[PDB]
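# Remarks on the overall topology
Below, each chain spelled out in residue letters.
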Amino acid sequence: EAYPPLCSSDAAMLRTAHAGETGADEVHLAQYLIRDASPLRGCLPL
Amino acid sequence: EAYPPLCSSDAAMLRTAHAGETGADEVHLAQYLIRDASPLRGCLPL
Amino acid sequence: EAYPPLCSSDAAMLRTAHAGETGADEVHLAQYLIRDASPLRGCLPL
C-alpha cells in the first residue's frame, strides 16, 4: 500500500498572496498541488 | 534561544488600516519580512 | 428510466476537494456540464 504525498517547490505556491494569519492554498495557475494524504498533517501548524 | 520579532523593511506596507489584518495568508512576490514565530505576539496595544 | 450523468471536460475544478466554499453556478462557462440527479453525491473520500 502507498499514498500520494505532498510535493512543493516553494512556500509561495502554498501560501498565496494575502496579508494576515496563516492559511492554505492550492494550485492557482502553474504550480500543481494536491492535498496531502499522509496522516501527519495537523502536526506542527504553520 | 532567542525570539525574533517581525521586521519592517518598508514604512508604507505596514499601514494595517483595515483593522490590522485584511487577508489570511502571507505575501507572494516583493516583501522582505520575517514571520514572527515567537508565541509572545502581544507587545503593547497597537 | 435513467438519471442524468455528471461529467465535465474541465475536471480541475471538481477533482480538488476545497472543503468549504465553491462556485455556486448553475451552468459552466464554456465546457459541458450536466446536473447530477443521483440521491448520493460526492461518494468516497476525495
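Residues numbered from 1 in each chain as written, not as in the entry; some residues may be left out. Chains lettered and ligands numbered in written order. Part of a larger assembly, values for the part shown. Heavy atoms only, no water. Residues with missing side-chain atoms left out of burial classes, pairs and counts.

The deposited coordinates, according to the entry record, derive from cryo-EM at 8.3 Å resolution.

## Some thoughts on the overall build of chain A
Per the secondary structure count, chain A includes 1 helix and 0 strands. Overall size of chain A, expressed as C-alpha extent along the three principal axes, is 40 × 25 × 15 Å. Buried positions account for 15% of the 46 residues belonging to chain A. Contacts in chain A between residues far apart in sequence, at least 24 positions, make up 40% of those at least 6 positions apart. (Helix = DSSP H or I, 4+ residues; strand = E, 2+ residues; numbered from the N terminus. Buried < 20%, exposed > 50% of the residue type's maximum accessible area, 1.4 Å probe, protein only. Contact = heavy atoms within 4.5 Å.)

## Some points on the arrangement of the chains
Contacts between protein chains span 2 pairs of chains, and they are most numerous for chains A and B. The smallest C-alpha distance separating chain B from chain C is 15 Å, and no contact links them.

## Section: the environment of A:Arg41
Residues and elements named next belong to chain A. Structurally, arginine 41 can be placed in the segment after α1 (12–15). Since its relative accessible area comes to 42%, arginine 41 is described here as partly exposed. Here the alpha-carbon distance between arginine 41 and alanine 11, two residues 30 residues apart in the chain, equals 16 Å. Non-local contacts of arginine 41, meaning those with residues more than four positions away in its chain, are made with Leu6 and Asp36. Within polar-contact distance, the side chain of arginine 41 engages the side chain of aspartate 36 at 3.0 Å. (Polar contact = N/O pair within 3.5 Å; in protein donor to acceptor, adjacent residues only side chain to side chain.)

## Comments concerning the interface of chain B and chain A
Taken together, the contact between chain B and chain A spans 9 residues of the former and 15 residues of the latter. On the chain B side of the interface with chain A, the three residues burying the most area are B:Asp25, B:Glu26 and B:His28, jointly 60% of the side's total. As a salt-bridge pair, B:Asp25 and A:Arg15 come within 3.0 Å of each other at their nearest N and O atoms. Linking chain B to chain A there are 11 residue pairs in polar contact. The residue inventory of the side of chain B that touches chain A, partitioned by class, reads 2 nonpolar, 3 polar and 4 charged. (Buried area = accessible area lost by both parts, 1.4 Å probe. Salt bridge = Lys/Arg side-chain N within 4 Å of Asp/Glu carboxyl O. Nonpolar A, V, L, I, M, F, W, Y, C, P; charged D, E, K, R; others polar.)

## A closer look at the pattern of salt bridges
Under the defined criterion, the tally for this structure stands at 5 salt bridges over all chains. Taking the shortest distance from any N to any O, the salt bridge between A:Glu26 and A:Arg35 comes out at 3.9 Å. Salt bridges sharing common partners tie together A:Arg15, B:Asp25, B:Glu26 and B:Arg35.

## Comments concerning the side chain of C:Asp36
Residue and element names in this part refer to chain C. You can see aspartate 36 is positioned in the segment after α1 (12–15). Of the side chains with opposite charge, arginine 41 comes closest to the buried, unpaired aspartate 36, at an N-O distance of 5.7 Å. Setting aside residues no more than four positions away along its own chain, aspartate 36 makes contact with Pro4, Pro5, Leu6 and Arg41. (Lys, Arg positive; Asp, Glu negative; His and termini not counted.)

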